[PDB]
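The structure appears right after this line, and notes come after that.
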Amino acid sequence: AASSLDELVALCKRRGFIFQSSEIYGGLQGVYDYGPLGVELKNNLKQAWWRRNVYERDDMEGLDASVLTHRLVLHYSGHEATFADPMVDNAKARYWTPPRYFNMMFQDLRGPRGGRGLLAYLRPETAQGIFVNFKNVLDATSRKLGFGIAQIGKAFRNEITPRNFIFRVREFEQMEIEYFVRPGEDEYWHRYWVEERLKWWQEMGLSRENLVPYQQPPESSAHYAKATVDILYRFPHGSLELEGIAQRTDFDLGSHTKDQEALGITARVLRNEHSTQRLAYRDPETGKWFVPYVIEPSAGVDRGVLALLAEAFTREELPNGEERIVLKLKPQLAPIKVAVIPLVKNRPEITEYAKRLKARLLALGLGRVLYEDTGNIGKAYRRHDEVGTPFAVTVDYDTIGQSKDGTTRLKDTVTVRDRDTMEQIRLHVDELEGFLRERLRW
Ligand SMILES: Nc1ncnc2c1ncn2[C@@H]1O[C@H](COP(=O)([O-])OC(=O)C[NH3+])[C@@H](O)[C@H]1O
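In our numbering, the protein residues as written are 37 to 478.
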């Protein structure tokens, strides 16, 4: 584990993981930019989640709706209502500083002028994009009930207060699922998904010891959610929310469908005077139109990253030197898998061999390979553990052929230094393939 968020924040900048957004002009607090190594890690997390919840499954369809949301969507979603109370602050008390309707959803206008007619919010959550497209998806796929639609996407929130690095921010991405289910089964499903999502975060690298499901109680059970379970993580600042396996119940489709009344809505949904379409399902064997309940697993992509980094940032002491900080990311999720390093930057015959090898290895398809050509190998080696790349293959003279001893047997064999054990095997190129194949493969 990583001792203090500070370190994390500092490694993140010093290595190009996360940079402060708009830093040169003062920075837009609450919004960050993912530098080079950040992107990679971030994408890999996104990818693996997609593989898991979509490719490997057989009851999920994917989606990717837009950030701009038509004013009504967020209205019937109830999101509007949450800020229709102005706050007339005062000296020692609260809701006299002027009436501030403290809306958390960002706001923008559609062309021409700032009229209430052409208003649109930036989706505070990806979720809505799925509910409104429910029929559309159902039509094009023609899915039978035990099934859900899932997307990764941007989400903007005017967070009055952004706190703790890349945790609570104003702009972030979420990986959301909306498991549509027959009314009765909701209980199981909710259980199933919580267990699943916890199972996942573990294979991703988060130790079970730090993961904790927590039944939000009535007080905290937000409107749509009939129940909800968070999976908190023991971050370096605390045991906070990581993913939230909720259990809204036909409320979403209910607040968004035509004929709410005719439809047996069980949720206290607004009178939807708008929807152009009946967002409901039709036949189990009878032909009873009904509105599906949903289990919704929402993860924060950015926090998933905070977790993974916090969890992996270890700073062991060297049994010789002082100490080293070592990101020990699940190899398969490291920004770089293998980093090929030329021993002397001079010898062009060496470097060429190096650049050449990088190719051969990238080809295995175990992940990104890097031709690190930066100065001091001691420096290269370190840089790497700091960014947690699993294997550092280094090429010296002997590899190419030359040597002092006049030996060419060392040729085509390279030294592969392992991150965690810092152990240095010296294996022949052809073996290097098989070797990595065993480790970096999922
Ligand atoms: N400002 C923010 N920054 C980062 N992640 C955030 C966030 N606000 C919410 N999340 C993520 O959204 C997840 C779900 O909580 P939520 O309050 O976003 O609810 C919903 O998205 C309901 N669909 C959390 O587990 C968290 O990872």
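Every residue, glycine too, gets a C-beta built ideally from N, C-alpha and C.
Cβ of residue i versus every heavy atom of ligand 1: is any distance shorter than 7 Å?
{"i": "residue 280", "result": "yes"}
{"i": "residue 208", "result": "yes"}
{"i": "residue 286", "result": "no"}
{"i": "residue 347", "result": "no"}
{"i": "residue 336", "result": "yes"}
{"i": "residue 193", "result": "yes"}
{"i": "residue 204", "result": "yes"}
{"i": "residue 116", "result": "no"}
{"i": "residue 186", "result": "no"}
{"i": "residue 428", "result": "no"}
{"i": "residue 199", "result": "no"}
{"i": "residue 339", "result": "yes"}
{"i": "residue 277", "result": "yes"}
{"i": "residue 263", "result": "no"}
{"i": "residue 163", "result": "yes"}
{"i": "residue 332", "result": "yes"}
{"i": "residue 422", "result": "no"}
{"i": "residue 212", "result": "yes"}
Just how far apart, CA to CA, sit residue i and residue j?
{"i": "residue 125", "j": "residue 194", "result": "19 Å"}
{"i": "residue 76", "j": "residue 373", "result": "11 Å"}
{"i": "residue 304", "j": "residue 94", "result": "32 Å"}
{"i": "residue 191", "j": "residue 457", "result": "40 Å"}
{"i": "residue 67", "j": "residue 297", "result": "42 Å"}
{"i": "residue 300", "j": "residue 327", "result": "7 Å"}
{"i": "residue 151", "j": "residue 295", "result": "30 Å"}
{"i": "residue 257", "j": "residue 50", "result": "40 Å"}
{"i": "residue 429", "j": "residue 44", "result": "27 Å"}
{"i": "residue 211", "j": "residue 85", "result": "8 Å"}
{"i": "residue 362", "j": "residue 339", "result": "20 Å"}
{"i": "residue 227", "j": "residue 375", "result": "42 Å"}
{"i": "residue 384", "j": "residue 209", "result": "44 Å"}
{"i": "residue 477", "j": "residue 323", "result": "47 Å"}
{"i": "residue 444", "j": "residue 437", "result": "5 Å"}
Mapping DSSP to helix, strand and coil, what is residue i?
{"i": "residue 137", "result": "coil"}
{"i": "residue 463", "result": "strand"}
{"i": "residue 310", "result": "coil"}
{"i": "residue 241", "result": "coil"}
{"i": "residue 392", "result": "helix"}
{"i": "residue 327", "result": "coil"}
{"i": "residue 260", "result": "coil"}
{"i": "residue 107", "result": "helix"}
{"i": "residue 69", "result": "strand"}
{"i": "residue 442", "result": "coil"}
{"i": "residue 213", "result": "strand"}
{"i": "residue 47", "result": "helix"}
{"i": "residue 437", "result": "coil"}
{"i": "residue 42", "result": "helix"}
{"i": "residue 232", "result": "helix"}
{"i": "residue 473", "result": "helix"}
Opposite residue i in the DSSP bridges: which residues?
{"i": "residue 334", "result": "280"}
{"i": "residue 378", "result": "431"}
{"i": "residue 426", "result": "Residue 426 pairs with nothing; no bridge assigned."}
{"i": "residue 266", "result": "250, 280"}
{"i": "residue 96", "result": "184"}
{"i": "residue 363", "result": "349"}
{"i": "residue 451", "result": "430, 462"}
Would a check of beta-carbon distances place residue i closer than 8 Å to chain C?
{"i": "residue 188", "result": "Of the chains in the structure shown, none is chain C; there is only one protein chain."}
| field | 4-residue-minimum alpha helix (DSSP H) runs that sit fully inside the stretch 270-308, ordered along the chain | value | 287-292
| message | Going residue by residue through the stretch 117-197, where are the continuous alpha helix (DSSP H) segments of at least 4 residues, counting only ones entirely within it? | response | Here the runs fully enclosed are 163-177.
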